[PDB]
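This report refers to the structure that appears directly beneath it.
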Amino acid sequence: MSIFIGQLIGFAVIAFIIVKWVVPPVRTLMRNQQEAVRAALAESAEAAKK
Amino acid sequence: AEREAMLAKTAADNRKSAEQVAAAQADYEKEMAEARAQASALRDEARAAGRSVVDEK
């Protein structure tokens, strides 16, 4: 059990680290990527309107 | 690739829409020029015919 508890606490620490410092950037980079996809997807549509 | 062709048509589309505005005007001014050339030549021919009938009488 002691080994399990120790490795679980380590996993929790690394999970917190990634969620507080690695998740935010990946999240927002993806956010911007998708937002730009959106913008361009649209463009096409509107230029077809023009 | 879909994204690719989207990007494609998109751009080509904006440029060719500007080109089509230009083409519509150009077509207007060419057709107007042709029609007004026809009108001016018709008036000139009418004046020539008037000068001929004046000469006849």
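Identifiers in the structure tokens: chain A, B, ... in order shown; residue index from 1 per chain; ligand index from 1 in order shown.
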Could you give me, as a Markdown table, every chain A residue with an atom at most 12 Å from chain B, plus its closest atom pair and distance in Å to one decimal, counting only C-alpha atoms, rows ordered by chain then number?
```
| residue | atom | partner | partner_atom | distance |
| --- | --- | --- | --- | --- |
| A:36 | CA | B:3 | CA | 12.0 |
| A:37 | CA | B:3 | CA | 8.9 |
| A:38 | CA | B:3 | CA | 11.1 |
| A:39 | CA | B:7 | CA | 11.1 |
| A:40 | CA | B:7 | CA | 7.3 |
| A:41 | CA | B:6 | CA | 7.2 |
| A:42 | CA | B:10 | CA | 9.3 |
| A:43 | CA | B:10 | CA | 6.7 |
| A:44 | CA | B:10 | CA | 4.3 |
| A:45 | CA | B:10 | CA | 7.6 |
| A:46 | CA | B:10 | CA | 8.5 |
| A:47 | CA | B:14 | CA | 5.5 |
| A:48 | CA | B:13 | CA | 6.5 |
| A:49 | CA | B:13 | CA | 9.3 |
| A:50 | CA | B:17 | CA | 6.4 |
```
- Task: For CA of residue 53 in chain B and CA of residue 37 in chain B, quote the distance in Å rounded to one decimal.
- Result: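 These two atoms are separated by 24.1 Å.
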- Mind giving me the straight-line distance from CA of residue 22 in chain B to CA of residue 40 in chain B in Å, one decimal?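 For CA of residue 22 in chain B relative to CA of residue 40 in chain B, the distance reads 26.4 Å.
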